[PDB]
Every structure is written in structure tokens, then in C-alpha cells.
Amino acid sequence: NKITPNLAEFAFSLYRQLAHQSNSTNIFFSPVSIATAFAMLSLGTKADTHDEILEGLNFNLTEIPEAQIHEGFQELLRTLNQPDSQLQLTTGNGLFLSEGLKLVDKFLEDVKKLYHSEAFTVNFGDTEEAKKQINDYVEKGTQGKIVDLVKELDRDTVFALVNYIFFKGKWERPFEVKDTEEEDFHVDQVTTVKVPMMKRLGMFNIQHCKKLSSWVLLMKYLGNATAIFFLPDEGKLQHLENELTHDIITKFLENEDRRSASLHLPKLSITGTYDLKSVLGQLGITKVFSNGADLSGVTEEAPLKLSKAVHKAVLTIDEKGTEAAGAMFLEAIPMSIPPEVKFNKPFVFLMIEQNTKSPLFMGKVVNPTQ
């Protein structure tokens, strides 16, 4: 889809920002989930406020018309929220505005029947009630997986945006629980930690790429997405982070050559919690969060600004994220001895949706127990 390049540039911009902030913490976020939310918010903005957001999502407004942009997110939201989607994706957007504001019907209509998002009116005068009825909406939304999300609300708040996403994928070619063993993970060159290490001898889309100095592994999920893992050579993590591009990711997805390997991949569970006011502020999106915000598409008369914007992303990697099977296959291993390739030191990853080539997720594992 025609907005995919911009989505990919946004993914990297945000990742590089986060990888600059801290180099000692796990990173996990949805580029799609955040862009989509701020695209939607942009429908209620005008002029500088509006342009700042779309430019902050890596769109050049002197090259791409706004219709394409939105029809792009539309198309992408259509293919993500299919009824018959085997993809374990629980995504949601909460808009919370102080009651007493006369809200534009069209903005509430555009939000709901174009971006599938929830827009609520609450009394921000009571911090506990508002905070509980925000965290309660994420309780229902995530089937019960994300609780007590919003830690604090400052009194001046009039408008909060809450962006959540939970993913627990089922491998097309799963591991066997019986083969998972506790093993070392190297968090630095002299230090190890114990992790459940998943293990399978089989045929993988796995290759060492000299340009990126990295092992590159792609594994497909049920539903149509692909996990790609990059394991840098010693000292080559940052080189790896700098050299990633969309065309490269694209090139790896195009090739379905398989080779013999003994793979080690940690079973893992990670969450990234991000303050998007802070984080997107660093990428050029400040006006919509400040007193000068033109939110007249949300409300015509009264001054309004987005007080609070939160992103929470949750990921489980395991042997296969469902307890019932049915699919039976069989990979042929050749007689020759297979390389052992262990994902037992810091690595970078992405989940790419197959129809659009969109980056559903990006992240880095520095320490699986962190």
C-alpha cells in the first residue's frame, strides 16, 4: 500500500529515538498503531497543528495529498480488522474528552466509522473516577490483559488519548514445549542471565548478511504477518540499527529460500509503555499538545489541547500461542550437520503485515527478564 514507505520511515524514526533515550531497556511498540491514531486525531485539527502531525508521521505534504494518506490508513485498517483473521491482534484507541465540550458530530463520526475508535466524555474533575474509567476501558478492550494502565492524571487534563495493542502470535511452524530449556542469555560481553530458550532443528529462512553484520531470521505467523529477527555480530548492534531500511526488510520477505539450522530463540514476554507527548514531541509533534492547538475540528468554540497521550504495547513469543492444533506438516532435513544459531544476546525485530508490508511492530530485546 502507498503509505507503507512513510510508515516504515516512521517506525525507524521512532525506534532510533527510543534507542537513543535508553540502550539498557527492552523496546517494543507499534508503528502502525501510533501512526493510525495520530492520523485519526489529525481529522480534528487544522493548519500548522494538522501538518505537524502528518509531517511527524514522515509524510511530505508537498508530495503526497491528504486523501491518499487517509485512504492508505483506511485500506490498512480494513485488512487488519477482518472478522476471519487468525492474527491474535487486540488493538484499540481511546479518546477521552472533558464533558461540557460541544463536540463536532463529524469528528465523532469520522473517528468511529472510519478508524474504528472509541470516543468518550468523562468528568476530569474527579481524578480517580476518570482514571478508573480509562483503565477500565483497557481492561475490557484487552480481554483482561492490560490493567491499571494510566498511573497518573494531572488536574488540568481535558483530553486524553490512549493507544493499546496486545499480540500473541501463532507460528506456522511452531516449537515444541518439551524442547524448551533454561539457557544463558548474554546481556553484555561478561554477563549472563537465565531464560527459557526455545529450540528446534529444522529448515528456516535464515542467513548471515555481511552488509548488516547480522543473522537474519524470518518466521511466519498464522494470520498474514512475518516476524523478522536481526542478530548482530559482536560490536555490531548499533551498525545494524543504523543500516536498516524498508527496501532491505522488503528484500528479505521476497526470498523464501530455506536452509538447515538448529535455532535457539527465547520464549519471551515484553511490554513497552510510552508517553507519546514526550516521544512524538521529539519527532516534531508539539503544537497539538500545547495551548495553541487548533482542535476546532473536535470542538468549534472552546480552547482544547491533548493533555495526555499514551502507547502500551504487549508481546508474547512462545512455542505456539494456542493450545489446539490440526495442521500437520513435515520438513526434510538433509544429512549434513546444521549450524547452531542462538538468539542469546541482544537482537532487533519487526513484525510485518503481509498484504501491506506495514510494520505492525518493532522492538529490541536487550534482556528478556528485564
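Start at 1 with the first residue shown and count on from there. Each form is matched to the other, and the largest set of C-alpha atoms that superpose within 1.5 Å is called the rigid core.
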Stretch with larger C-alpha RMS deviation in 4 other deposited structures of this protein, core superposed, 108-116 versus 217-225: 108-116
Higher C-alpha RMS shift from the shown form in 4 other deposited structures of this protein - 165-173 or 294-302, rigid core fit: 165-173
Comparing 168-176 with 113-121, the one whose average Cα B-factor in the PDB entry is higher: 113-121
Per the entry, higher mean C-alpha B factor between 195-203 and 234-242: 234-242
Criterion, highest CA B-factor; candidates, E331, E323, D48, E319: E323
Among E300, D275, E99, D84 - the residue whose C-alpha B-factor is largest in the record: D84
Third of the chain's Cα B-factor distribution that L218 belongs to, per the entry: lowest
CA B-factor placement of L283, once the chain's modelled residues are sorted into thirds: middle
Position of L360 among the chain's modelled residues by C-alpha B-factor, lowest, middle or highest third: lowest
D184 by Cα B-factor - lowest, middle or highest third of the modelled chain: lowest
Modelled-residue ranking by C-alpha temperature factor, third containing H264: lowest
